[PDB]
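Results of the structural survey
Below, each chain spelled out in residue letters.
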Protein chains: 2
Amino acid sequence: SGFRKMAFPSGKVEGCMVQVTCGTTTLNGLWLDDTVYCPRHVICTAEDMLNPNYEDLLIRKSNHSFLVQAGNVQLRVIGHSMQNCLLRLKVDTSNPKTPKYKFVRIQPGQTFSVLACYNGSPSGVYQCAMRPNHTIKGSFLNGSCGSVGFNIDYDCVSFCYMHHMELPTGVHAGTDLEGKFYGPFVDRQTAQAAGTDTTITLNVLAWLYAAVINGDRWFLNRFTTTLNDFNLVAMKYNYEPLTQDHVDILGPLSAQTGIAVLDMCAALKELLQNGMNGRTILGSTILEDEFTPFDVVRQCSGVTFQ
Amino acid sequence: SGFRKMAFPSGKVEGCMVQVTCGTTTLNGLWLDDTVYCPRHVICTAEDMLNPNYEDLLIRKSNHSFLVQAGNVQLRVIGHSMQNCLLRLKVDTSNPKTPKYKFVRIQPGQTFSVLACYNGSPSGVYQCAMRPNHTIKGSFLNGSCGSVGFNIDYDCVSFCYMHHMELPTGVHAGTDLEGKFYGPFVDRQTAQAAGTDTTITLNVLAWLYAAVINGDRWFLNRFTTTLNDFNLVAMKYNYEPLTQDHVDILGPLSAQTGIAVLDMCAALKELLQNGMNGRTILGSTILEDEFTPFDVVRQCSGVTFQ
Ligand SMILES: *[C@@H](CC(=O)OCC)[C@H](C[C@@H]1CCNC1=O)NC(=O)[C@H](Cc1ccccc1)NC(=O)[C@H](CC(=O)OC(C)(C)C)NC(=O)OCc1ccccc1
Ligand SMILES: *[C@@H](CC(=O)OCC)[C@H](C[C@@H]1CCNC1=O)NC(=O)[C@H](Cc1ccccc1)NC(=O)[C@H](CC(=O)OC(C)(C)C)NC(=O)OCc1ccccc1
């Protein structure tokens, strides 16, 4: 037993990280087959980060403007294109370590692992959720751009995030691997602020199931709720409204614990209203919202500690 | 910025995981050079887990009693020895993916990354602290034995933990890579309980420095304390006593933030006494004790957000 924020093993992603340099700007890139992906802001001039015109900046570059390094090996750039907010650099060598991979756009509430990288060298790995306001609560310093987020299914890597910026609340913004931003953000240093966030109701509920699977029932109650009555309380506490789809997603967890979803919702409504009374749930004093139902099924025993 | 429980990138360790089978018992092993390490309890008979005599069980085995699998490749066992609570199986092939590595015994309070594995296939990675009571708060199911804990320095892997058991509180026990248990535990299913735990004072303090580096000062106060007066409060709240060595270790963090350690101790004494008043510190409502000063320096900016 136990319950931890668990990241995917990062080795298949480590073998894909390189360093990309244009002038005196260096950041991370992702090398799959004969292509290296990286934030287009690598081509920004030091005094024009406010209003860069990337089409105009990019046409002024050649293939040899870009320096790509994999460990100690220089990879020769032989073609380049811009795709939304990324660059695609074609190189002379196909990555021998390219895993099976897909590019996916993840959805708010879903989680992924981040491989924080600096100068093309991986330094750490942690799990993040895509927030409802399309930011992540990551941990990134200068040099971290081009670090990627991913999930692994069987032996296929689903890349879903490349890192681009930090906003003033200390939260993080970036794109999928087609270069489209998550959220309304743009890759320029003009003032921008994350919209107000919301708590991910489906995940809080999934995590309550985890706590039960793992043997704790203290927070349950004799009550039930309608979906609509629940959502009135949810709006009050800045929780996302719960939908029938969310209820259907909780099906398997519900089945495993013998707890109907709306009974679990009633339990959660009581927690919101009354607090936790100095008690913890899976070691936590707050209601945790960064584990999906998928994450709970992946980590917990298939057998409830009854 | 941001602050996350961050694990080391796990790729160098992934390339070392294998499956080891004796009869109908399968668990994980670690393959370095021409040796595979695994818990000796892989040789336990199904009806004798209470009182196994391992010397007696082991002499009844041959090299071909053990089946070692790396991915789809059978590795032939050609020698075996017991070392404390582990087995060392000599195999026909040296691991081509063996990284630079060391075996280290870590000390209570220190942290490491765990690569949870099942049937020789890595499934997840998370950070753990060695608790003062010599257990870890991990996340492990049946099949997880032989999963390892490690740190990485430059490109050297310091292996420090192999997993062996779960105790009744849902916490975890195991050995270093010489096979000596952390704590008073033994590898038999006879009743055993973790000693009462203590909060890791040095880490709580390191994490308060992190919160300051990252720009928050709300919890500071105008006061100072003596080491001895601090420890009277620490005993009250079940915190480890703070030592001059711990104060000297906080030197660099202290220097970076301009906060004397004993002023930070006074701040912490006020937090223990008064609570947090509904406020959070680096997103947390509890005083977190699983980040070392090393972990904070590794993750935070070298420049304080003043
Ligand atoms: C990665 C790029 C890199 O490798 O290092 C850059 C030298 C870096 C990652 C962040 C740095 C700290 N932690 C991170 O997650 N990205 C950037 O620095 C990114 C570069 C950029 C983006 C677009 C065009 C050109 C260059 N810039 C930002 O993240 C800035 C950071 C910042 O705080 O800048 C100000 C000093 C506030 C201007 N973020 C940003 O511009 O947010 C929009 C904004 C601007 C002004 C006021 C409010 C909000
Ligand atoms: C890994 C071995 C494996 O790959 O699966 C085993 C089939 C496994 C890891 C734990 C399982 C659940 N989560 C884990 O972290 N290890 C064990 O199962 C280990 C096997 C063992 C150890 C020593 C000799 C022979 C076999 N056994 C334990 O961890 C047991 C678990 C348990 O709860 O057993 C009882 C049902 C309580 C007997 N732990 C244990 O024996 O703790 C001591 C104890 C015994 C009796 C009362 C209180 C405490």
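Let's talk about the site of ligand 1
- Contacts to ligand 1 come from 25 residues, most closely from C145, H163, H164, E166 and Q189 of chain A.
- Residue neighbours of ligand 1 fall on chains A and B, so the site bridges chains.
- Separating a nitrogen atom of ligand 1 from a backbone N or O atom of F140 of chain A is a distance of 3.2 Å.
- For ligand 1, an oxygen atom lies 3.4 Å from a polar atom in the backbone of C145 of chain A.
- Its free accessible area being 950 Å², ligand 1 has 72% of it covered by the protein chains.

Quick notes on the side chain of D176 of chain B
Residues and elements named next belong to chain B.
- Within the fold, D176 resides in the loop between β13 (172-175) and α3 (201-213).
- Given the relative accessible area of 4%, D176 is considered buried.
- Engagement of the side chain of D176 in a polar contact is seen with the backbone nitrogen of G179, the distance being 3.0 Å.
- With near-sequence residues (within four places) excluded, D176 lies in contact with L86, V104, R105, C160 and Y182.

What to know about the sheet that holds strand β4 (residues 66-70) of chain B
All names here are of chain B.
- Pairing is antiparallel across the open sheet formed by 7 strands, whose spatial order is β5-β4-β1-β2-β3-β7-β6. Among the strands making up the open sheet, the edge pair consists of β5 (73-75) and β6 (77-83). Averaged over all adjacent pairs, the angle separating strand axes in this sheet is 30 degrees, with direction ignored.
- Where strand β2 (residues 25-32) and strand β3 (residues 35-39) come together, 3 bridges link them in antiparallel fashion. Its bridge partner lying in β3, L30 is registered against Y37.

Quick look at the environment of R222 of chain A
- By secondary structure assignment, the location of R222 of chain A is in the loop between α3 (201-213) and α4 (227-236).
- C-alpha of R222 of chain A to C-alpha of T199 of chain A: the two residues are 23 residues apart in sequence and 25 Å apart in space.

Description of the environment of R105 of chain B
Residues and elements named next belong to chain B.
- Relative to the helices and strands, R105 resides in the loop between β8 (100-103) and β9 (111-118).
- The exposure class assigned to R105 is partly exposed, which follows from its relative accessible area of 37%.
- Put simply, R105 and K180 are 75 residues apart on the chain and 9.1 Å apart in space, counted from C-alpha to C-alpha.
- Contact partners of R105, with chain neighbours within four places excluded, come to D176, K180, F181, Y182 and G183.
- At a separation of 3.1 Å, a polar atom in the side chain of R105 contacts the main-chain carbonyl oxygen of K180.
- A polar atom in the side chain of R105 sits 2.8 Å from the backbone oxygen of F181.

What to know about empty space enclosed by the protein
Residue and element names in this part refer to chain A.
- Inspection of every chain in the model, using the stated rule, returns 2 cavities of 30 Å³ or more.
- When its volume is computed, the largest cavity comes out at roughly 50 Å³.
- Lining of the largest cavity is provided by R4, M6, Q127, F291, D295, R298 and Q299.
- With 3 residues, the single largest contributor to the lining of the largest cavity is helix α8 (residues 293-299).
- Along the lines of polarity and charge, the residues of the lining of the largest cavity split into 2 nonpolar, 2 polar and 3 charged.
- Formed jointly, the lining of the largest cavity draws a minimum of three residues from each of two domains, domain 1 (1-14 + 100-197) and domain 3 (198-301).

Details of helix α4 (residues 227-236) of chain B
All names here are of chain B.
- All of the buried residues along α4 are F230, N231, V233 and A234. Seen end-on, α4 carries its buried residues on one side only, within an arc spanning 160 degrees. The outward face of α4, more than 90 degrees from its buried face, is lined by the exposed residues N228, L232, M235 and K236.
- Looking one or two residues beyond α4, the residue adopting positive phi is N238, at roughly 65 degrees.

Thoughts on the pairing of strand β7 (residues 86-91) of chain A
Residues and elements named next belong to chain A.
- Bridge count for strand β3 (residues 35-39) against β7 is 5 bridges, and the pairing is antiparallel. Paired with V36 across the bridge in β7 is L89.
- Of the strand pairs in this sheet, strand β6 (residues 77-83) and β7 are connected by 6 bridges, and their pairing is antiparallel. In the sheet register, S81 faces β7, and the bridge partner there is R88.
- Hairpin geometry of β6 and β7 is characterised by an intervening segment of 2 residues between the two adjacent antiparallel strands and by a positive phi of about 55 degrees at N84.

Here we look at the site of ligand 2
- Around ligand 2 there are 25 residues in total, and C145, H163, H164, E166 and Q189 of chain B lie nearest to it.
- Neighbouring residues of ligand 2 are not confined to one chain but are distributed across chains A and B.
- Between ligand 2 and the protein, one listed contact pairs a nitrogen atom with a backbone N or O atom of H164 of chain B at 3.0 Å.
- For the shell around ligand 2, the class distribution of residues is 11 nonpolar, 11 polar and 3 charged.

What about the relation of the copies chain B and chain A?
- Of the two same-sequence chains, chain B is brought onto chain A (RMSD 0.0 Å, axial shift 0.0 Å) by a rotation of 180 degrees. In the structure described here, the two chain copies are related by an operation that fits a two-fold rotation axis. No C-alpha of chain B lies nearer the rotation axis than that of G11 of chain B, which sits 1.7 Å from it.
- Mapped onto chain A, 100% of the interface residues of chain B are again interface residues, and the two copies thus contact each other with one and the same surface.

Reading guide: rules and limits
- Residues numbered from 1 in each chain as written, not as in the entry; some residues may be left out.
- Chains lettered and ligands numbered in written order.
- Heavy atoms only, no water.
- Near = heavy atom within 4 Å.
- Polar contact = N/O pair within 3.5 Å; in protein donor to acceptor, adjacent residues only side chain to side chain.
- Areas by Shrake-Rupley, 256 points an atom, 1.4 Å probe, with all protein chains shown as cover.
- Helix = DSSP H or I, 4+ residues; strand = E, 2+ residues; numbered from the N terminus.
- Buried < 20%, exposed > 50% of the residue type's maximum accessible area, 1.4 Å probe, protein only.
- Contact = heavy atoms within 4.5 Å.
- Pairing = 2+ DSSP bridges.
- Axes fitted to C-alpha atoms, helices over the stretch in contact; angles between N-to-C directions.
- 1 Å grid on protein atoms, 1.4 Å probe; cavity = no way out; pocket = protein on both sides within 12 Å on 5 of 7 lines; lining within 4 Å.
- Points joined across faces, edges and corners; volume = space filled by probe spheres on them.
- Nonpolar A, V, L, I, M, F, W, Y, C, P; charged D, E, K, R; others polar.
- Domains from an automatic or database assignment.
- Arc of directions from axis to C-beta.
- Least-squares fit on C-alpha atoms.

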